[PDB]
Amino acid sequence: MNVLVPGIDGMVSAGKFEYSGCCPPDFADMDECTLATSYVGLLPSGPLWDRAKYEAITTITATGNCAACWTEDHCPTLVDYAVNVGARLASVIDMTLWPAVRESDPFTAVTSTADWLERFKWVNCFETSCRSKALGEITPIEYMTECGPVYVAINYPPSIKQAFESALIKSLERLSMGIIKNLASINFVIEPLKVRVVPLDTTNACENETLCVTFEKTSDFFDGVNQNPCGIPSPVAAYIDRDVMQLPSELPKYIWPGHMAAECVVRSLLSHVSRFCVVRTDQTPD
Amino acid sequence: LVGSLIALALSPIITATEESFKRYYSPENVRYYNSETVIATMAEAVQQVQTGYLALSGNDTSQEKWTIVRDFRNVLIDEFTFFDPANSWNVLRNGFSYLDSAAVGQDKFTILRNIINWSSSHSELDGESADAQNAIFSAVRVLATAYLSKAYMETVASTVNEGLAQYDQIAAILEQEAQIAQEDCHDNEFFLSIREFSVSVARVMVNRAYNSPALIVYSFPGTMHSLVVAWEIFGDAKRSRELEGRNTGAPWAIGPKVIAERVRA
Amino acid sequence: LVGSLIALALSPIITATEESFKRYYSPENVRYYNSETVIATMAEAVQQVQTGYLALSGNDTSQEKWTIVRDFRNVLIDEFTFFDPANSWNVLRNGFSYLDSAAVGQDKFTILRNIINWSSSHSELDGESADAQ
Amino acid sequence: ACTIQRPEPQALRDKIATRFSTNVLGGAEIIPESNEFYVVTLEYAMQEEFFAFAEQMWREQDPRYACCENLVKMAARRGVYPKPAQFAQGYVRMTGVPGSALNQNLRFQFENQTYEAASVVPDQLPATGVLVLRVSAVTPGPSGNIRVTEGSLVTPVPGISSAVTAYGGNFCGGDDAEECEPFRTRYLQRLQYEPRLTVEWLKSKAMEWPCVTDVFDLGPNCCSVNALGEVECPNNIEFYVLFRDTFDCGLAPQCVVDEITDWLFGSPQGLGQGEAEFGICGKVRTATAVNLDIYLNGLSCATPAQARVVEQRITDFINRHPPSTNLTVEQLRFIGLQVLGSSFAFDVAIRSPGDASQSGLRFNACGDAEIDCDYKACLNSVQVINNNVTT
Amino acid sequence: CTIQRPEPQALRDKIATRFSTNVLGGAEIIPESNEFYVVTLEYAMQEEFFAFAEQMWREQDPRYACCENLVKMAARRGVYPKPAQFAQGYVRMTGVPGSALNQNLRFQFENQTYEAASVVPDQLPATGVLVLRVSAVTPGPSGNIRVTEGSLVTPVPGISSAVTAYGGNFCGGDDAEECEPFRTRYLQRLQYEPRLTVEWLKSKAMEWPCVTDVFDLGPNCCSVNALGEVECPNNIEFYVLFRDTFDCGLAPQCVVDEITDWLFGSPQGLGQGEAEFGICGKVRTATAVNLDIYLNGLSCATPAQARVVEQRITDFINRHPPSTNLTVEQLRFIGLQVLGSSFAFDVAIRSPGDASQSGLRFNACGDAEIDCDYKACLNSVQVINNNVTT
Amino acid sequence: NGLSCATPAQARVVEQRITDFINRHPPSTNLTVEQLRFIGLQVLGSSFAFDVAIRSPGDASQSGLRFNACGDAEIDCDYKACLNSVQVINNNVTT
Amino acid sequence: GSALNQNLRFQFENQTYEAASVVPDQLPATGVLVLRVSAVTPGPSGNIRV
């Protein structure tokens, strides 16, 4: 039979179409060389332009940015201006229109990750002093104090914050479509966070006094974001070192922001169940 | 007395569908332990039209929309309205009439396609009860297909290949309905009506694809800008807007083969 | 089909200004200890138009001048009129309409220049309260 | 707040100047005053507009900034549509001599509101001479909601009594259309991430029951703590509902809310026989009224217009107050002080009718009227004491 | 408020006026001069910008995106096309008990090869009968043939070379989807949200092969909903029927066990299957109870009417839910609907041979009472006459 | 007291508004509690569990400063109220 | 409860006065309302002692 694949509706069977070839060129295909010399064809034709249009050359300077090459026998003409206009549109489209499309989709946003979260009204449950008591005696970012536990607000470096926020946005977008709260679907929803749920009980269960689940890492790297229309994203580490950041020693050796967000999401989903328990286990990089 | 070749004829098929639906749909004669299921199906069928209409007229705020919405709610709430075949048919026919006039053009493509999808099921009861339920499905699909064809006639064919692809989507649906009606001489007259309507649809859809703007393929010697292409073929660079929808490729690399209209100087 | 090149188009800009003014000016949402100041500024803005109109039509004695003058006095005397963004915008727009039609030609140069002078200031409050001003 | 990062203006203007020199002028820079200087400046200006165009055309696609028309177009793709207007509804009793023929264009009137039959009228009056009809307001809007029991036929017909009476209840359910802004907030709420959407789904559903006006979550006073001093979070679902347009003060008797609970959760509850999903169990509550008298002091110095609006605002605030929530003098003082002015001398007080004790009512030192669970503050009378000033 | 793409002529004039006022100080643009070519080139760069932008913003709209772009931004959200499916069915094999079995059994019915889909036991059962679940090796609609006799592809010691398929039923085959049908059901799924309503679970079970009907536990069953120290309901169970495949539509326990594991998962109570986390359930079958019906007086009606009454009665009992009384009044109504209220009709229910059957009991009114896990199965309908008329 | 249980966005707004108000306070004028409380109610809503209190740094004594029965701060001539630090505390249970 | 109108006017010894302010939607609960009125026609004739 077929081999099922995870899906928003559970386990389903996937397939592929056959190549069509009717896709308009994307931002990637556009290049400065592509159209910088192209506008030389918008000028009229005659004895005053034939030689000038024939001797049109273009070379890339240090940082791209095609520039016409002036030989020792260059004859100035309006053709030089036409090439200059070509360089302009290639640049303006990249600086102006490409970001606009890029930030419009949660699965491609790069710069506006923080803004997107404010659109989803996301609030972490590990940063408010009046957290729910069911969230454990001491959370990973709380150190005991005489007057009860106290939490510490971490200031993550730029790269991890951008990657972590990007991953969280993807999972939230997937969940908004509505799912049937079974284990197979839930794992897919929080899959971009690189966290997997796994029950502890292996027997029949359904009669015991408590149901316990734990979170296991699937990888030690977030999937980074890529600004360019081409290429592939650069992975970044999903953990943080306590000592490197100069944090109180009471905290665990390694802090995983991804696991924290996943734990909050699952707890809210399965709140109506009256015997749901979480047993978090320390995890370390391979 | 010249013939007309700019619009379809829906009155013949609609009347033909009416006779077929009334012939079998009769909740008062089917075996008593199946009347509830048959009636429930009809209520669902109307609800499908209600959802379609509400989606099309979202931004309308005229005084007529309130009246139409009230009429839909009143009929569904009342339980005895569907015991009469006369009442059942009238609600079904009128519901589509409001649906079709809600919007003009591409706006109706998605709405009508969904209804056709819902009306592809087949009843699983036995004997007469099956006929009383298949009538609702078959009647709805034919009406949706007829109105979908009318929608296609209100939009410009982007390309000959696309225009003919749309036609094939309709002929298949009409062909399937014809086979069902002729499966075991279930309704001979209905089979004839569907067959005649299909050829009428072909006479218009084919003409639209091949002759609405009368497109032809040109053969340029190389890629050139949209503005230049428009000026050369026609003589007015302001007409480049047309070439956007029919040709792929960026606006600065259209070619080397272009699709445009026929110059008729 | 021909184009016109003898008059300006003020309908687009005026409607554009309406949206911007309505977007920010909301005295019922600014922090409560700044609502009084924001409203007071609006009353001054209308007063400037009132002064301009009275100067242009000095020698008029029609039956409409009395009505317009009464309308200006009533609006300023009433206090709640400026709590509504809709009311505030309508008075500002209509007030200018009467000012423009009061006189034709050079007579309006000085009057409009004075108003522009008064509207070159910038608010010194903070946050959203500054935008409302 | 820009989403498209824009480098500093000096950085841009250098880039255009550098590019122009390299391509056209062959490496030399521009003379301060010449055609090359002005074309460069113009090129910069057009660049600014291009940035704005991209900024706008992105902005015109986000739900919280899109125009009032593109918003509805977007909402269609996700199955969310604006609410249309509604018509009042109810039942009417008819009495007449049996056998007399009836008419379909019949219409009634109850307190200036005209109602028409909303169902297929039978051919003629039945043998018993009593008929029951369904009626809908001739015109939509909230004006169709009225609390009356006796009416009169508008179009006389022989053999039918000129007097017509409604059922024990009354006509209601009519409502006005939905504006643009309320639609936008509702659409965003669906898209946003909200925990425990099952509670939210039920709360929205309850509003579809006839005669329902408001849905209030459990008040702060309804919290409870076990003997161990730990806040207790229940696993059931409960909330309040009010009928401001049908019952005195909007509080309904127990029998009415019992029917709603069965329909919403089923009977027995939890087996998915109701609108709720499987394994969902809850209960819909009501509330009891506690009267209150409110006295406004120092309002004589204010102009009559100010006095009228201040009285009106307080009346509305109390009416819409949720159950099981405290009523503090500060709130009422703030509302009035917001209109009169922060420097005005304004004061209010709260007292019970006849200064008699009631159930679930307690006055604290500060003057607040503390209220227990399953209790709502119902306004009794607004009185402004009289003094003499400015003479 | 709205700002849209400007038209060509209204756009060039904006550039020409801006260029003239700021650069040439109000001078007119004389055609064919250098400034004329500068202006037109500037406009071209302006229009190409909008045209590309409008073209690209269409792709993000699912209703118009090309095929290769629709598969993406659809797998991102967890929606994939559907490939060709496989047909399934049930078979039966017999032989010498205790013979060693193999996990690579293959069956050839008629030009079609079927492979075992369930876990075959190590050794044949004691009773010498085994029922498996098989699926076609070649996906497609062609695997829905209706044949009743087949043979084992390769001989196995101690097992006969002849096998039979229950009712010759093979269902499930289908072809792959196309681009257009996939575009729908995706932008249609965007307007949907599952909720675990009991109807959803009931509909889910019908996706199992050769399943026809599904009912909740009948009135004569006292269910249990706690299964633990929980506050309010936690458990759900319901029946199934196989009307077109097995006799009386009742399947052996060997099959319903497989359905329970898939739907509710294994282990249960941890959401391993298609059910919600923390929800347990079970699917059960029933045992047949045979009955005989003696219609009295039908012989004096026209032959056409007689057949209709017999056909309707047989159909009604076949569809009867398990564990539910089969009262006499229900049968009598069927006769009155066709024969008329004035006819002298009468019916009675008796057991075959007037014997005693487990789970069957007759009440005073003449109805038949059936206990849990039992169903009313029609055995024979006969017409008798003991009156006079005409 | 109690802001910790409100959304982070709302918490910052209340802190920013209070700081600005005191910075602009005229010299030699009382800084009553009601003024601070009103700022909180305008944004957090009338149904929120809010509370504020004013205390001197280190609970020491400063010239020209006194506290009345109602809890306000009384300031004599030639003295002004200056914000030194605003802190959030939690001593209740909810949610 | 009775609804009000915006165009109502009064009379005091042959002099007709009209409301000079936005009239509320309907009469308040106490059934007493206070208005601002201005003479329909200008001039000293609008002054009276009644």
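Letters A, B, C, D, E, F and G name the chains as they come in the text, with residue numbers starting at 1 for each one.
Basically, a residue touches a chain if its C-beta (ideal position, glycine included) is under 8 Å from a C-beta of that chain, and two chains touch if they have at least 3 such contacts.
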Checklist line | Chain nearest the overall C-alpha centroid of the shown protein atoms | finding: D
Note to self: Using the stated contact rule, I'd like to know whether A-D or C-D comes out ahead in C-beta pair count.
What the structure shows: A-D
Notebook entry, point to check: Which whole number of Å gives the spacing of the CA centres of chain B and chain D?
Noted result: 40
Notebook entry, point to check: Cα centroid separation between chain B and chain E, in whole Å?
Noted result: 28
Notebook entry, point to check: Distance from the CA centroid of chain F to that of chain G, rounded to the nearest Å?
Noted result: 48
Note to self: Using Cα averages as centroids, what's the distance between chain D and chain G in whole Å?
What the structure shows: 35
Checklist line | Multi-partner residues of chain C (each touching 2 or more other chains) | finding: 32-33, 78
Next item on the list: Would you mind listing the residues of chain A that make contact with two or more other chains?
Entry: 22-24, 39, 42, 81, 88, 92, 97, 101, 104, 132, 274
Item checked: Multi-partner residues of chain E (each touching 2 or more other chains) -> 1, 44, 48-49, 52-53, 55, 57, 187, 190, 192, 196, 231, 276
Next item on the list: Mind listing the chain E positions that touch chain B in their complex?
Entry: 8-9, 44, 47-48, 51-52, 54-55, 63, 180, 184-185, 187-188, 212, 311-312, 315-316, 330, 333-334, 337
Notebook entry, point to check: Which of the residues in chain A end up touching chain F in this complex?
Noted result: 118, 123, 127-130, 132
Item checked: Interface residues, chain F side, partner chain C - complex -> 16-17, 20-21, 35, 38-39, 42
Check: For the complex, which residues does chain G have touching chain C?
Finding: 20-21, 38, 42
Notebook entry, point to check: What residues of chain C sit close enough to touch chain D in their complex?
Noted result: 32-33, 35-36, 78-80
